[PDB]
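To be precise, the following lines are target.pdb, and they hold PDB, C-alpha atoms.
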ATOM      1  CA  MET K   1     -16.993  11.157  17.397  1.00  0.00           C
ATOM      2  CA  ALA K   2     -17.935   9.892  13.942  1.00  0.00           C
ATOM      3  CA  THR K   3     -20.648  11.551  11.869  1.00  0.00           C
ATOM      4  CA  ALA K   4     -23.638  10.029  10.057  1.00  0.00           C
ATOM      5  CA  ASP K   5     -21.524  10.129   6.896  1.00  0.00           C
ATOM      6  CA  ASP K   6     -19.066   7.823   8.665  1.00  0.00           C
ATOM      7  CA  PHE K   7     -21.901   5.467   9.578  1.00  0.00           C
ATOM      8  CA  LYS K   8     -22.630   5.265   5.857  1.00  0.00           C
ATOM      9  CA  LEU K   9     -18.983   4.388   5.336  1.00  0.00           C
ATOM     10  CA  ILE K  10     -18.708   1.764   8.084  1.00  0.00           C
ATOM     11  CA  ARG K  11     -21.911   0.054   6.922  1.00  0.00           C
ATOM     12  CA  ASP K  12     -20.430  -0.038   3.408  1.00  0.00           C
ATOM     13  CA  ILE K  13     -17.586  -2.138   4.786  1.00  0.00           C
ATOM     14  CA  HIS K  14     -20.166  -4.766   5.714  1.00  0.00           C
ATOM     15  CA  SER K  15     -21.976  -4.447   2.389  1.00  0.00           C
ATOM     16  CA  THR K  16     -18.647  -5.210   0.720  1.00  0.00           C
ATOM     17  CA  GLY K  17     -18.393  -8.478   2.645  1.00  0.00           C
ATOM     18  CA  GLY K  18     -16.815  -7.286   5.866  1.00  0.00           C
ATOM     19  CA  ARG K  19     -13.486  -6.235   4.441  1.00  0.00           C
ATOM     20  CA  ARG K  20     -12.879  -3.035   2.526  1.00  0.00           C
ATOM     21  CA  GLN K  21      -9.625  -2.330   0.717  1.00  0.00           C
ATOM     22  CA  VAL K  22      -8.851   1.289  -0.105  1.00  0.00           C
ATOM     23  CA  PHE K  23      -5.901   2.401  -2.237  1.00  0.00           C
ATOM     24  CA  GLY K  24      -5.086   5.494  -0.225  1.00  0.00           C
ATOM     25  CA  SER K  25      -5.288   9.268  -0.544  1.00  0.00           C
ATOM     26  CA  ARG K  26      -7.975  11.339   1.207  1.00  0.00           C
ATOM     27  CA  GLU K  27     -10.442   8.520   0.590  1.00  0.00           C
ATOM     28  CA  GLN K  28      -8.513   6.268   2.977  1.00  0.00           C
ATOM     29  CA  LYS K  29      -8.352   8.882   5.755  1.00  0.00           C
ATOM     30  CA  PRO K  30     -11.906   8.281   7.145  1.00  0.00           C
ATOM     31  CA  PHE K  31     -11.159   4.554   7.006  1.00  0.00           C
ATOM     32  CA  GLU K  32      -8.042   4.772   9.161  1.00  0.00           C
ATOM     33  CA  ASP K  33      -9.830   7.327  11.317  1.00  0.00           C
ATOM     34  CA  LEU K  34     -12.430   4.642  11.968  1.00  0.00           C
ATOM     35  CA  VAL K  35      -9.467   2.443  12.877  1.00  0.00           C
ATOM     36  CA  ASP K  36      -8.519   5.072  15.442  1.00  0.00           C
ATOM     37  CA  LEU K  37     -12.114   5.032  16.673  1.00  0.00           C
ATOM     38  CA  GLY K  38     -11.951   1.240  16.823  1.00  0.00           C
ATOM     39  CA  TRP K  39     -14.537   0.564  14.111  1.00  0.00           C
ATOM     40  CA  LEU K  40     -12.053  -0.617  11.504  1.00  0.00           C
ATOM     41  CA  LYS K  41      -8.786  -2.523  11.633  1.00  0.00           C
ATOM     42  CA  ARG K  42      -6.061  -2.279   9.000  1.00  0.00           C
ATOM     43  CA  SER K  43      -4.366  -5.664   8.835  1.00  0.00           C
ATOM     44  CA  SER K  44      -2.955  -6.092   5.334  1.00  0.00           C
ATOM     45  CA  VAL K  45      -1.481  -2.640   4.764  1.00  0.00           C
ATOM     46  CA  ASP K  46      -0.222  -2.919   1.206  1.00  0.00           C
ATOM     47  CA  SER K  47       1.047  -0.117  -1.009  1.00  0.00           C
ATOM     48  CA  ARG K  48      -1.668  -1.040  -3.495  1.00  0.00           C
ATOM     49  CA  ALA K  49      -4.780  -0.969  -1.338  1.00  0.00           C
ATOM     50  CA  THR K  50      -4.915  -1.124   2.448  1.00  0.00           C
ATOM     51  CA  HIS K  51      -7.324  -3.822   3.625  1.00  0.00           C
ATOM     52  CA  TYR K  52      -9.677  -2.716   6.382  1.00  0.00           C
ATOM     53  CA  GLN K  53     -11.725  -5.240   8.313  1.00  0.00           C
ATOM     54  CA  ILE K  54     -14.772  -4.681  10.515  1.00  0.00           C
ATOM     55  CA  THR K  55     -14.454  -4.868  14.286  1.00  0.00           C
ATOM     56  CA  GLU K  56     -17.151  -5.486  16.878  1.00  0.00           C
ATOM     57  CA  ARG K  57     -17.548  -1.724  17.224  1.00  0.00           C
ATOM     58  CA  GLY K  58     -17.780  -1.539  13.451  1.00  0.00           C
ATOM     59  CA  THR K  59     -20.458  -4.216  13.606  1.00  0.00           C
ATOM     60  CA  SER K  60     -22.334  -2.340  16.340  1.00  0.00           C
ATOM     61  CA  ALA K  61     -22.052   0.837  14.258  1.00  0.00           C
ATOM     62  CA  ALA K  62     -23.719  -1.007  11.387  1.00  0.00           C
ATOM     63  CA  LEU K  63     -26.472  -2.262  13.674  1.00  0.00           C
ATOM     64  CA  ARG K  64     -26.894   1.347  14.763  1.00  0.00           C
ATOM     65  CA  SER K  65     -29.744   2.884  12.799  1.00  0.00           C
TER
END
Before we go any further, please render this structure as structure tokens.
Amino acid sequence: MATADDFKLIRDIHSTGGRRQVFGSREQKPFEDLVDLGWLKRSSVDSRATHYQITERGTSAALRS
């Protein structure tokens, strides 16, 4: 369901340490969409920046090349 551009995004999560916090707005949409896909998981949902963490799918998506 995700595009190659999303693969670039999900791999970035790993390059940032495994967690990726995004403030919000349209930028956060693909992140939560990956949550819907099961690649990301939003645990600490703060009004500052929502913290997304990699799942096993998100890890497999990073290994996907």
Problem - Between CA of residue 40 in chain K and CA of residue 52 in chain K - distance in Å to one decimal - result: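 Between these atoms lies a distance of 6.0 Å.
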Problem - Resolved residues for the PyMOL selection byres ((chain K and resi 24-27) around 10) as a list in words - result: residues 21, 22, 23, 28, 29, 30, 31, 32, 46, 47, 48, 49 and 50 of chain K
Completion exercise
Among K:56, K:20, K:34, K:44, residue 3 in chain K is approached most closely, using all atoms listed in the file, by K:34
Problem - Separation of CA of residue 45 in chain K from CA of residue 63 in chain K, in Å and rounded to one decimal - result: 26.5 Å
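Distances to residue 42 in chain K were evaluated for K:5, K:11, K:19, K:57 using all atoms listed in the file, and the minimum falls at K:19.
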Handout entry: Close residues, residue 1 in chain K itself excluded, 12 Å, all atoms listed in the file, min 4 positions apart in chain, as a PyMOL selection string
Key = chain K and resi 5-7+30+33-34+36-39+61
Problem - Coordinates-based distance that separates CA of residue 43 in chain K from CA of residue 16 in chain K (Å, one decimal) - result: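 If I compute the distance from CA of residue 16 in chain K to CA of residue 43 in chain K, I get 16.4 Å.
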Box for range 10-13 of chain K - axis-aligned, 4 Å on each of the six sides, all listed atoms - centre and size in Å to one decimal, as JSON.
{"center_x": -19.7, "center_y": -0.2, "center_z": 5.7, "size_x": 12.3, "size_y": 11.9, "size_z": 12.7}
Problem - Using all atoms listed in the file: which of K:41, K:2, K:35, K:10 has the shortest distance to residue 59 in chain K - result: K:10
